[PDB]
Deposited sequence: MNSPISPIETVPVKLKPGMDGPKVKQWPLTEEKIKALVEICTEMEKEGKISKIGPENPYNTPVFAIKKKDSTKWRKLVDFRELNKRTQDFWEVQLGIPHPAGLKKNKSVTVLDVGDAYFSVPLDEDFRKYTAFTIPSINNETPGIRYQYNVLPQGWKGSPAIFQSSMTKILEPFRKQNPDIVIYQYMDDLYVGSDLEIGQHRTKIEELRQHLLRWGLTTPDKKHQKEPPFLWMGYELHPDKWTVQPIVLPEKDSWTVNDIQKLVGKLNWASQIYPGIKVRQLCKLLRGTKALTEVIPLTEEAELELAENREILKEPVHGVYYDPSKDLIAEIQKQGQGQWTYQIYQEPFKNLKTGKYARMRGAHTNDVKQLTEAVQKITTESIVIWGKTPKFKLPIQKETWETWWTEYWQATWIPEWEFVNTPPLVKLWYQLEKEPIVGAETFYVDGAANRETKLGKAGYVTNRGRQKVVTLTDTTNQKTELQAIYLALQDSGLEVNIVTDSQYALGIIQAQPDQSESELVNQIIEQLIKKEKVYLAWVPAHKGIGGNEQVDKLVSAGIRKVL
């Protein structure tokens, strides 16, 4: 196995730190022997070289299982070696690769050993094979090539790999070479004749720079199993998913289920996971059987149905646009598909994330649009044209009157129920001939006790007591009361900016039940006007509820 002639990459230790000096542990005669046989062979190949006791540094060695492997614990050296720039900031996604007629797969055998180490750093990689018991000084070696498990090996090998392929890439522009780790994906749209030719041409350029690859009779055949994917020349899919039907499900069985499902959701449309995930929250015991909830059961059943027959994805054509489609699946669940030709998906996906405490469907839709937009840019270098289950008018209204700046690139309405809508709208102006409820809440910080109630311009009144409560929860209760006792047209004046905020954002779902109760009331109404006044200022009706809720509280 050759050692590449390429230029070395200068390495430094972290500022004001010396090399590793950890003692070598006394080894058994069996381990010592095996290490000696491994090492002399590695020295023959040029991988390591003999040094004396003039080198002051040491790094421990172990040997483990007919065949033995030599292990070197580089913890101390790694803790002392300089930081390197990230080898990769993401794996290439299959859905972003161009379609190729012919494609073959190369891999670099013994990656790190094939590439040299900075001469002035080689001395820090020193290790010692100890002699039987204490007795004599051990045989001392040091590395000449990139050692397995060292901090800088991944970055330097990759660095070297770019340099080597760069010249070849130049005079071969209509050929694409994807390289990740010690794997090479070589694709072109030439015939099976001048393809196998151009590949054996690449192999030669590689071995010229000390890089060894398999020839035609050894090189792999499609489908290519890689990173959990199944890869063909004109399609791709995830590796076979098997959902095991179980008498009982432990936490561990469920975690693995969520994982397999999440992975499959890249290409299998409609995959759901929420009810399955609901079981895992409120976490504990790994081996404890969790009985499935009825909702989890039909979710799982629905999942088996999609994973019943195999689905694949297509590759990417730069000259054609990207079309993204989103569907609402249920509360918090959203699913998407990306394609260039109607219903031939490049990839699918799902969105669920809970952003904050209280949200609505329009907010969740644009959160999904953002997430997809980012993903498209990473994968394809451009944003997709969206097709959304929301009316242009419904979107127009929301964007216009919301405090937040928002944007969606080119999108079009598509009639795929359930459609995204607002469920209620507050009034711009106070209502003529409707009861004005002045609401308020108060809670004691020690007793935790609370009172919530209203006073109205039509003389009416109410106060309720709460036990396990906070100031905020009493404000929401006050507003809730007013909703129950008002009828179909109401003006409500509060002194809680908090409560004003939640409601004005037109939420339709919440983590709070109390807020969900306020929501169900709000939709039932016809016209609600909500307004705010400063607290403790002796204002209008606010001063009257102020005396009520405070009585026996503050």
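Absence of C-alpha coordinates is noted for several segments of the deposited sequence, namely 1-2, 68-71, 561-563.
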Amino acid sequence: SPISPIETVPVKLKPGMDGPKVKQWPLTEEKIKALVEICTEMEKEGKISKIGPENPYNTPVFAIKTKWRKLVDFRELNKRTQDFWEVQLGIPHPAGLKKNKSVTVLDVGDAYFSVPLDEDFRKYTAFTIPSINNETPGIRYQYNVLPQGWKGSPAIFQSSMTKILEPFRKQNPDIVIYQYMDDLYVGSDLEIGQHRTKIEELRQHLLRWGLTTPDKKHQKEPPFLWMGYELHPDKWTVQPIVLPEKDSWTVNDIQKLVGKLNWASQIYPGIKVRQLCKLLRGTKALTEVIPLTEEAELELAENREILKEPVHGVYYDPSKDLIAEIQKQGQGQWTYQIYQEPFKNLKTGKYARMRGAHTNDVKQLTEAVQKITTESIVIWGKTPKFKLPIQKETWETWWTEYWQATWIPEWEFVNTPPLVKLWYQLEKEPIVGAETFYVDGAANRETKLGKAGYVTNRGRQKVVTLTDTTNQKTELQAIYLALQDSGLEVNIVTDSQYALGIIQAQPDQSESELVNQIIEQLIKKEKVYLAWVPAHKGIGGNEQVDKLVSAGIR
From here on, numbers count along this sequence of modelled residues.
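Between 420-428 and 383-391, the higher mean Cα B-factor belongs to 420-428. As the entry records it, the average C-alpha temperature factor is higher for 165-173, out of 149-157 and 165-173. The maximum CA B-factor among the listed residues 196, 371, 328, 344, taken from the PDB record, is found at 196. Taking only the listed residues 362, 323, 261, 106, the entry reports the highest CA temperature factor at 106. Sorting the modelled residues of the chain by their CA temperature factor places residue 130 in the middle third.
In the deposited entry, the Cα temperature factor of residue 33 sits in the bottom third of values across the chain's modelled residues. The PDB entry assigns residue 57 a C-alpha temperature factor belonging to the middle third of its chain's modelled residues. Sorting the modelled residues of the chain by their CA temperature factor places residue 414 in the lowest third. Residue 80: CA B factor in the middle third of modelled residues in this chain (values from the PDB entry).
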